[PDB]
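Heads up, start.cif below (mmCIF, C-alpha atoms):
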```
data_start
loop_
_atom_site.label_atom_id
_atom_site.label_comp_id
_atom_site.auth_asym_id
_atom_site.auth_seq_id
_atom_site.Cartn_x
_atom_site.Cartn_y
_atom_site.Cartn_z
CA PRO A 1 90.12 84.81 -9.75
CA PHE A 2 87.31 84.66 -7.24
CA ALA A 3 86.17 81.89 -4.89
CA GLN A 4 82.76 81.85 -3.21
CA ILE A 5 82.57 79.36 -0.33
CA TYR A 6 79.43 78.04 1.23
CA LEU A 7 79.62 76.74 4.81
CA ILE A 8 76.91 75.62 7.27
CA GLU A 9 76.73 78.37 9.98
CA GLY A 10 78.91 78.00 13.08
CA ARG A 11 82.52 77.79 11.93
CA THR A 12 84.80 80.01 13.97
CA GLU A 13 86.53 83.25 12.87
CA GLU A 14 89.77 81.20 12.94
CA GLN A 15 88.41 78.51 10.60
CA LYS A 16 87.11 81.27 8.33
CA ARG A 17 90.56 82.82 8.49
CA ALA A 18 92.10 79.45 7.37
CA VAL A 19 89.58 79.07 4.57
CA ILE A 20 90.55 82.44 3.19
CA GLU A 21 94.26 81.79 3.61
CA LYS A 22 94.35 78.23 2.22
CA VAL A 23 91.99 78.73 -0.62
CA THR A 24 93.96 81.88 -1.60
CA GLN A 25 97.20 79.83 -1.67
CA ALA A 26 95.38 77.08 -3.62
CA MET A 27 94.25 79.61 -6.26
CA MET A 28 97.79 81.08 -6.42
CA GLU A 29 99.30 77.63 -6.95
CA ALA A 30 96.68 76.32 -9.41
CA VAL A 31 96.41 79.39 -11.67
CA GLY A 32 99.42 81.63 -10.76
CA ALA A 33 97.26 84.53 -9.72
CA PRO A 34 99.10 87.39 -7.92
CA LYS A 35 98.10 86.86 -4.26
CA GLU A 36 96.58 90.36 -4.17
CA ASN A 37 94.23 89.63 -7.09
CA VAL A 38 92.57 86.71 -5.28
CA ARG A 39 89.27 87.34 -3.60
CA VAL A 40 87.69 84.65 -1.45
CA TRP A 41 84.41 85.15 0.31
CA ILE A 42 82.28 83.02 2.51
CA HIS A 43 78.48 82.58 2.95
CA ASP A 44 77.37 81.16 6.32
CA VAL A 45 74.16 79.22 5.60
CA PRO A 46 71.79 78.63 8.52
CA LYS A 47 71.11 75.01 9.39
CA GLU A 48 67.32 75.51 8.53
CA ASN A 49 68.46 76.71 5.10
CA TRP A 50 70.79 73.84 3.85
CA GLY A 51 69.36 70.58 2.56
CA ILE A 52 70.97 67.22 1.79
CA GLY A 53 68.73 64.54 0.20
CA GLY A 54 65.60 66.56 0.93
CA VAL A 55 66.26 66.97 4.74
CA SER A 56 67.58 70.10 6.42
CA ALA A 57 70.96 70.21 8.16
CA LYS A 58 69.02 71.11 11.30
CA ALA A 59 66.98 67.81 10.96
CA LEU A 60 70.15 65.87 10.23
CA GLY A 61 71.62 67.09 13.57
CA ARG A 62 74.56 68.87 11.88
CA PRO B 1 72.76 68.56 -8.95
CA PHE B 2 72.61 71.63 -6.68
CA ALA B 3 69.92 74.27 -6.29
CA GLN B 4 70.53 77.68 -4.79
CA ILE B 5 67.27 79.39 -3.88
CA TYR B 6 66.80 83.15 -3.21
CA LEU B 7 63.75 84.13 -1.06
CA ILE B 8 62.88 87.50 0.58
CA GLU B 9 63.67 87.10 4.36
CA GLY B 10 60.99 85.96 6.78
CA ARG B 11 59.91 82.51 5.65
CA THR B 12 59.49 80.17 8.48
CA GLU B 13 61.52 77.03 9.22
CA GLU B 14 58.69 74.88 7.88
CA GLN B 15 58.34 76.98 4.70
CA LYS B 16 62.06 76.57 4.09
CA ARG B 17 61.84 72.85 4.87
CA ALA B 18 59.15 72.53 2.19
CA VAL B 19 61.45 74.33 -0.31
CA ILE B 20 64.20 71.77 0.47
CA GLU B 21 61.85 68.80 0.21
CA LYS B 22 59.96 69.93 -2.91
CA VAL B 23 62.88 71.26 -4.91
CA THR B 24 64.80 68.03 -4.16
CA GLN B 25 61.75 66.00 -5.46
CA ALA B 26 61.62 68.24 -8.51
CA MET B 27 65.29 67.57 -9.32
CA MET B 28 64.96 63.80 -8.81
CA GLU B 29 61.87 63.84 -11.16
CA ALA B 30 63.46 66.12 -13.79
CA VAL B 31 67.04 64.68 -14.05
CA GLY B 32 66.71 61.33 -12.22
CA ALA B 33 69.27 62.33 -9.60
CA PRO B 34 69.48 60.02 -6.62
CA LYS B 35 67.77 61.83 -3.72
CA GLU B 36 70.90 61.66 -1.60
CA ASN B 37 73.03 63.50 -4.19
CA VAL B 38 70.72 66.53 -4.25
CA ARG B 39 71.82 69.65 -2.31
CA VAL B 40 69.47 72.66 -1.91
CA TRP B 41 70.35 75.80 -0.02
CA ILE B 42 68.44 78.98 0.54
CA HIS B 43 69.53 82.61 0.83
CA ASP B 44 67.31 84.88 2.82
CA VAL B 45 67.43 88.33 1.22
CA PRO B 46 66.62 91.35 3.46
CA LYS B 47 63.80 93.49 2.23
CA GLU B 48 66.18 96.48 1.97
CA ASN B 49 68.43 94.30 -0.29
CA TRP B 50 65.91 93.10 -2.89
CA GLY B 51 65.08 95.25 -5.87
CA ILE B 52 62.21 94.92 -8.28
CA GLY B 53 62.41 97.56 -11.12
CA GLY B 54 64.65 99.91 -9.13
CA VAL B 55 62.70 99.90 -5.85
CA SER B 56 63.49 97.71 -2.80
CA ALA B 57 60.89 95.49 -1.31
CA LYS B 58 61.28 97.45 1.93
CA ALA B 59 60.22 100.69 0.12
CA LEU B 60 57.43 98.86 -1.74
CA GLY B 61 56.37 97.39 1.64
CA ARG B 62 55.47 100.83 2.96
CA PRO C 1 61.66 83.70 -5.58
CA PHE C 2 64.56 82.64 -7.83
CA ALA C 3 66.27 79.28 -8.22
CA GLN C 4 69.72 78.84 -9.70
CA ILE C 5 70.36 75.23 -10.63
CA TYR C 6 73.82 73.64 -11.28
CA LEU C 7 73.85 70.46 -13.45
CA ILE C 8 76.81 68.62 -15.08
CA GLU C 9 76.70 69.52 -18.85
CA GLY C 10 74.83 67.33 -21.30
CA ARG C 11 71.21 67.33 -20.21
CA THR C 12 68.87 67.65 -23.05
CA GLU C 13 66.50 70.55 -23.80
CA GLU C 14 63.59 68.49 -22.50
CA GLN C 15 65.46 67.50 -19.30
CA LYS C 16 66.18 71.17 -18.67
CA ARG C 17 62.57 72.09 -19.47
CA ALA C 18 61.43 69.60 -16.82
CA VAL C 19 63.82 71.23 -14.29
CA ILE C 20 62.22 74.63 -15.05
CA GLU C 21 58.67 73.28 -14.84
CA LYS C 22 59.15 71.12 -11.73
CA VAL C 23 61.28 73.49 -9.69
CA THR C 24 58.79 76.30 -10.45
CA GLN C 25 55.92 74.00 -9.19
CA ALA C 26 57.99 73.17 -6.13
CA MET C 27 58.45 76.87 -5.29
CA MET C 28 54.76 77.70 -5.82
CA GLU C 29 53.85 74.73 -3.50
CA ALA C 30 56.47 75.54 -0.84
CA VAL C 31 56.18 79.38 -0.56
CA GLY C 32 52.90 80.10 -2.41
CA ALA C 33 54.66 82.25 -5.00
CA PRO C 34 52.55 83.16 -7.99
CA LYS C 35 53.78 81.01 -10.90
CA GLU C 36 54.58 84.06 -12.99
CA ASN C 37 56.96 85.51 -10.38
CA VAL C 38 59.15 82.40 -10.31
CA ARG C 39 62.47 82.52 -12.22
CA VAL C 40 64.63 79.37 -12.62
CA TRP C 41 67.91 79.28 -14.48
CA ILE C 42 70.37 76.49 -15.04
CA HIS C 43 74.16 76.43 -15.30
CA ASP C 44 75.67 73.65 -17.29
CA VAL C 45 78.99 72.71 -15.67
CA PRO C 46 81.64 71.04 -17.89
CA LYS C 47 82.82 67.69 -16.67
CA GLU C 48 86.38 69.05 -16.37
CA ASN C 49 84.96 71.85 -14.11
CA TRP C 50 83.03 69.79 -11.54
CA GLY C 51 84.80 68.33 -8.55
CA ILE C 52 83.60 65.68 -6.17
CA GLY C 53 86.16 65.05 -3.31
CA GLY C 54 89.08 66.49 -5.26
CA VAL C 55 88.52 64.66 -8.56
CA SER C 56 86.70 66.10 -11.62
CA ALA C 57 83.81 64.29 -13.15
CA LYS C 58 85.83 64.09 -16.37
CA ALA C 59 88.58 62.09 -14.54
CA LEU C 60 85.97 59.98 -12.73
CA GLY C 61 84.28 59.43 -16.13
CA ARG C 62 87.30 57.54 -17.43
CA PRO D 1 81.33 72.77 2.24
CA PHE D 2 81.08 73.94 -1.32
CA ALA D 3 83.41 76.18 -3.26
CA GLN D 4 82.34 77.96 -6.44
CA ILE D 5 85.37 79.20 -8.47
CA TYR D 6 85.32 81.93 -11.08
CA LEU D 7 88.13 82.08 -13.65
CA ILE D 8 88.60 83.98 -16.94
CA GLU D 9 87.98 81.38 -19.70
CA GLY D 10 91.07 79.68 -21.16
CA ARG D 11 92.54 77.71 -18.28
CA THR D 12 93.53 74.27 -19.53
CA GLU D 13 92.17 70.99 -18.20
CA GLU D 14 95.28 70.48 -16.04
CA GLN D 15 94.98 73.92 -14.48
CA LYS D 16 91.35 73.17 -13.53
CA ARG D 17 92.41 69.78 -12.18
CA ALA D 18 94.86 71.66 -9.90
CA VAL D 19 92.08 74.11 -8.87
CA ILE D 20 89.84 71.17 -7.91
CA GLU D 21 92.42 69.19 -5.95
CA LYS D 22 94.10 72.19 -4.18
CA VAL D 23 90.89 73.96 -3.20
CA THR D 24 89.41 70.70 -1.90
CA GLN D 25 92.59 70.08 0.20
CA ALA D 26 92.40 73.68 1.45
CA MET D 27 88.89 73.21 2.67
CA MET D 28 89.66 69.84 4.34
CA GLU D 29 92.56 71.59 6.18
CA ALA D 30 90.69 74.72 7.11
CA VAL D 31 87.39 73.33 8.45
CA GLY D 32 88.16 69.68 9.11
CA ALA D 33 85.86 68.27 6.46
CA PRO D 34 86.20 64.70 5.05
CA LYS D 35 87.26 64.57 1.39
CA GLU D 36 83.90 63.26 0.17
CA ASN D 37 82.00 66.23 1.72
CA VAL D 38 83.88 68.92 -0.28
CA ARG D 39 82.38 70.00 -3.64
CA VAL D 40 84.27 72.35 -5.95
CA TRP D 41 83.01 73.74 -9.21
CA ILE D 42 84.43 76.18 -11.74
CA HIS D 43 82.78 78.81 -13.97
CA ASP D 44 84.83 79.91 -17.06
CA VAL D 45 84.04 83.43 -17.75
CA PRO D 46 84.51 84.79 -21.30
CA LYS D 47 87.01 87.59 -21.66
CA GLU D 48 84.35 89.92 -22.97
CA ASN D 49 82.21 89.14 -19.94
CA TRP D 50 84.69 89.95 -17.19
CA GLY D 51 85.09 93.55 -16.08
CA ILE D 52 87.88 95.06 -14.07
CA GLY D 53 87.55 98.87 -13.38
CA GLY D 54 84.83 99.26 -16.06
CA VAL D 55 86.89 97.66 -18.83
CA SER D 56 86.66 94.14 -20.15
CA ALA D 57 89.49 91.59 -19.78
CA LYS D 58 89.43 91.47 -23.59
CA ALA D 59 89.69 95.24 -23.58
CA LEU D 60 92.61 95.13 -21.16
CA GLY D 61 94.29 92.92 -23.79
CA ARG D 62 94.05 89.44 -22.20
CA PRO E 1 82.38 95.33 -4.52
CA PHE E 2 81.42 92.71 -7.05
CA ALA E 3 78.45 92.48 -9.43
CA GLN E 4 77.40 89.25 -11.14
CA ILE E 5 74.99 89.84 -14.04
CA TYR E 6 72.80 87.26 -15.64
CA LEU E 7 71.66 87.86 -19.22
CA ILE E 8 69.79 85.63 -21.71
CA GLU E 9 72.38 84.64 -24.40
CA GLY E 10 72.72 86.86 -27.49
CA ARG E 11 73.60 90.35 -26.31
CA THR E 12 76.42 91.86 -28.31
CA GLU E 13 80.02 92.53 -27.17
CA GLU E 14 79.04 96.24 -27.23
CA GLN E 15 76.05 95.74 -24.92
CA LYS E 16 78.27 93.65 -22.64
CA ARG E 17 80.79 96.47 -22.76
CA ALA E 18 78.03 98.95 -21.65
CA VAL E 19 76.88 96.64 -18.87
CA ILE E 20 80.37 96.54 -17.46
CA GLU E 21 80.88 100.28 -17.85
CA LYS E 22 77.50 101.43 -16.48
CA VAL E 23 77.23 99.01 -13.67
CA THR E 24 80.83 99.93 -12.65
CA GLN E 25 79.85 103.63 -12.56
CA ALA E 26 76.66 102.72 -10.64
CA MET E 27 78.71 100.86 -8.00
CA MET E 28 81.18 103.79 -7.79
CA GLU E 29 78.34 106.26 -7.28
CA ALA E 30 76.28 104.15 -4.85
CA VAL E 31 79.10 102.94 -2.57
CA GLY E 32 82.15 105.14 -3.44
CA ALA E 33 84.28 102.22 -4.48
CA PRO E 34 87.57 103.12 -6.24
CA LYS E 35 86.80 102.35 -9.91
CA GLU E 36 89.67 99.85 -9.99
CA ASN E 37 88.24 97.80 -7.11
CA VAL E 38 84.98 97.12 -8.95
CA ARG E 39 84.59 93.79 -10.65
CA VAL E 40 81.57 93.11 -12.83
CA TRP E 41 81.07 89.85 -14.62
CA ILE E 42 78.43 88.48 -16.86
CA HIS E 43 76.86 84.99 -17.33
CA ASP E 44 75.20 84.39 -20.72
CA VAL E 45 72.37 81.91 -20.05
CA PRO E 46 71.12 79.84 -22.99
CA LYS E 47 67.47 80.29 -23.89
CA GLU E 48 66.80 76.53 -23.06
CA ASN E 49 68.25 77.23 -19.61
CA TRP E 50 66.21 80.31 -18.37
CA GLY E 51 62.66 79.93 -17.11
CA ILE E 52 59.94 82.47 -16.35
CA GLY E 53 56.69 81.13 -14.79
CA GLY E 54 57.68 77.54 -15.53
CA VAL E 55 58.30 78.07 -19.34
CA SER E 56 61.70 78.39 -20.98
CA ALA E 57 62.84 81.59 -22.69
CA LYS E 58 63.14 79.50 -25.85
CA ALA E 59 59.38 78.55 -25.54
CA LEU E 60 58.48 82.15 -24.80
CA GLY E 61 60.12 83.20 -28.12
CA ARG E 62 62.69 85.45 -26.39
CA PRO F 1 68.36 90.67 -16.67
CA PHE F 2 69.37 90.05 -13.10
CA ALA F 3 72.19 91.58 -11.12
CA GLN F 4 73.54 90.01 -7.93
CA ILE F 5 75.61 92.50 -5.87
CA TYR F 6 78.17 91.61 -3.24
CA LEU F 7 79.15 94.23 -0.65
CA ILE F 8 81.06 94.08 2.66
CA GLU F 9 78.38 94.26 5.40
CA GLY F 10 77.68 97.70 6.87
CA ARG F 11 76.26 99.72 3.99
CA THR F 12 73.28 101.69 5.23
CA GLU F 13 69.76 101.40 3.87
CA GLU F 14 70.23 104.54 1.73
CA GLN F 15 73.43 103.21 0.19
CA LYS F 16 71.63 99.99 -0.80
CA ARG F 17 68.72 102.04 -2.16
CA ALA F 18 71.28 103.82 -4.41
CA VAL F 19 72.78 100.44 -5.45
CA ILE F 20 69.32 99.20 -6.45
CA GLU F 21 68.23 102.26 -8.39
CA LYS F 22 71.61 102.98 -10.13
CA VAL F 23 72.33 99.38 -11.13
CA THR F 24 68.79 98.97 -12.47
CA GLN F 25 69.18 102.20 -14.54
CA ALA F 26 72.57 100.94 -15.77
CA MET F 27 71.07 97.75 -17.02
CA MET F 28 68.10 99.51 -18.70
CA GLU F 29 70.66 101.75 -20.51
CA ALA F 30 73.10 99.03 -21.43
CA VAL F 31 70.78 96.31 -22.81
CA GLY F 32 67.54 98.16 -23.49
CA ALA F 33 65.48 96.38 -20.87
CA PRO F 34 62.17 97.77 -19.48
CA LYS F 35 62.33 98.79 -15.81
CA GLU F 36 60.05 95.98 -14.64
CA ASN F 37 62.33 93.28 -16.18
CA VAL F 38 65.44 94.24 -14.14
CA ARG F 39 65.98 92.46 -10.79
CA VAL F 40 68.78 93.54 -8.45
CA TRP F 41 69.69 91.90 -5.19
CA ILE F 42 72.42 92.50 -2.63
CA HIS F 43 74.41 90.12 -0.40
CA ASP F 44 76.05 91.71 2.72
CA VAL F 45 79.16 89.90 3.43
CA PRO F 46 80.56 89.91 6.98
CA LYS F 47 83.98 91.44 7.39
CA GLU F 48 85.39 88.20 8.69
CA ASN F 49 84.03 86.41 5.64
CA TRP F 50 85.57 88.55 2.91
CA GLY F 51 89.13 87.85 1.83
CA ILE F 52 91.44 90.06 -0.15
CA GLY F 53 94.98 88.60 -0.81
CA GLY F 54 94.50 85.87 1.84
CA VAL F 55 93.58 88.31 4.62
CA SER F 56 90.14 89.14 5.92
CA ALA F 57 88.56 92.61 5.56
CA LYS F 58 88.40 92.56 9.36
CA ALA F 59 92.07 91.67 9.38
CA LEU F 60 92.87 94.50 6.99
CA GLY F 61 91.24 96.76 9.62
CA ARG F 62 87.87 97.59 8.00
#
```

What do you get writing this file as structure tokens?
Amino acid sequence: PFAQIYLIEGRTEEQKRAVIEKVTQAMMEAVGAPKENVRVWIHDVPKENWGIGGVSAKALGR
Amino acid sequence: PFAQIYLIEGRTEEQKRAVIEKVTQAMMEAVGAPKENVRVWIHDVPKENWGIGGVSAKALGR
Amino acid sequence: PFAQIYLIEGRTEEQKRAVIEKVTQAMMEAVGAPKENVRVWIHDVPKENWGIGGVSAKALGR
Amino acid sequence: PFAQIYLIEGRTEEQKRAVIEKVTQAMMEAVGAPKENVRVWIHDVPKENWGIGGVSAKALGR
Amino acid sequence: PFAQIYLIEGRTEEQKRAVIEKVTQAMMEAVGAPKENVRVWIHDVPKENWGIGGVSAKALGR
Amino acid sequence: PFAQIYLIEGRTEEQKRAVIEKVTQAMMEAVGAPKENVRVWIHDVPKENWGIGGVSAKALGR
């Protein structure tokens, strides 16, 4: 299985590292996938590019 | 509902803000979603990364 | 530009048609795309497949 | 944050429920997001639609 | 590398099989990926769900 | 048809040009689409953002 994660830009390499590790373990537990068959990848979305209720994350002071 | 929007790179912050605002309004009008539940995010695609009938926008730009 | 829209399953043909029409109008207004260059497509997500804070819409439906 | 999960079709309701809760917990842990800010959705991909080394999952006898 | 393909619903298992084979070979040629590291997967989009210029594929008689 | 391509970041312009032309040709062959109906776009994924068996591509020394 594959997991595509979308995050607002600015998380650290460490947090990214924990996303990949924890979501890999989650996918292993939930569906029994061999660890080495699990791909997780992350899109960093700029704050001008992410909207919640019609207002950008940049406007919302995220 | 969620909308993921793909644009060739280079739109300004205000152009992207108008995408967030107007696509959120479109979704509220079309499906009656509460404004605050609507998420829009935008991917900026480099010119060298976007193909139209086998030729990248960068090559069609020249 | 392209828009990929995610909706919980069960919208009608006309609801989906209004998403196509209104998001295409939104994109033309926001980025000045020619109407004929705009592509919208919609994914219907099963209730059992859509999670909001760790609980599926199917479980929150009951 | 958002997580978009791709699985070969055929996972049961319970398996998806485990994907939703475990991935959501993973993301809370990894980036310090509140429960209500994590969205997880799953795409079930038909066996004839999923390719691994140029062969379908159906083809590989799954 | 990964390739996600979007097709209007109705292509045959054979055409799907050729998509997976040919796009796998394309990704091998273009980027030198070991054949067995190449995943290709296909989304069949219903004709009520795909829009071109604000009009559904179903309306367009596709 | 549309093809969305995910690559670890770092492919040169020429490699992407080969991804665009070869994938487009692949799709023309496989489903009998005219050249001008095939859209191909590429996402460059940072090495720290791409996970394989719970480890980043950076981590795996790429």

Open item on the list: Residue by residue, what does the PyMOL selection byres ((chain F and resi 13) around 12) grab here? Present the result as a ChimeraX atom specification.
Closed with: /B:46-50,56-59 /E:30-31 /F:9-12,14-20,42,44

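Minimum distance to chain C across F:61, F:36, F:51, F:26 (counting only C-alpha atoms) occurs at F:36.
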
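Matched residue by residue, the Cα atoms of chain A sit on those of chain C with an RMSD of 1.0 Å after a least-squares fit.
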
- [ ] May I ask for the distance between CA of residue 37 (chain F) and CA of residue 52 (chain B), given in Å to one decimal place?
- [x] 8.1 Å

Close residues, residue 1 (chain A) itself excluded, 6 Å, all atoms listed in the file, min 6 positions apart in chain, as a PDB file with C-alpha atoms, in the frame of the given file:
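Written file, out_0.pdb:
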```pdb
ATOM      1  CA  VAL A  38      92.570  86.710  -5.280  1.00  0.00           C
TER       2      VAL A  38
ATOM      3  CA  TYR D   6      85.320  81.930 -11.080  1.00  0.00           C
ATOM      4  CA  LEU D   7      88.130  82.080 -13.650  1.00  0.00           C
TER       5      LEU D   7
END
```

Would you place a box with edges along x, y and z of the file around all atoms of region 55-60 of chain B listed there, add 6 Å to each of its six sides, and report the centre and edge lengths in Å to one decimal, as lines of an AutoDock Vina configuration file?
```
center_x = 60.5
center_y = 98.1
center_z = -2.0
size_x = 18.1
size_y = 17.2
size_z = 19.8
```

Task: Atomic separation - CA of residue 33 (chain C) relative to CA of residue 60 (chain E), Å - done: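 Result for CA of residue 60 (chain E) versus CA of residue 33 (chain C): 20.2 Å, one decimal.
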
Open item on the list: Report, in Å to a single decimal, how far apart CA of residue 25 (chain F) and CA of residue 23 (chain E) are.
Closed with: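 Computed distance, CA of residue 23 (chain E) to CA of residue 25 (chain F), equals 8.7 Å.
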
Open item on the list: From the options D:40, D:27, D:3, D:8, which residue's atoms come nearest to chain E, counting all atoms listed in the file?
Closed with: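 Closest candidate: D:8.
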
- [ ] Name the closest residue to residue 4 (chain B) among the candidates C:53, C:62, C:34, C:39; distances are taken between atoms, counting all atoms listed in the file.
- [x]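 The closest residue to residue 4 (chain B) is C:39.
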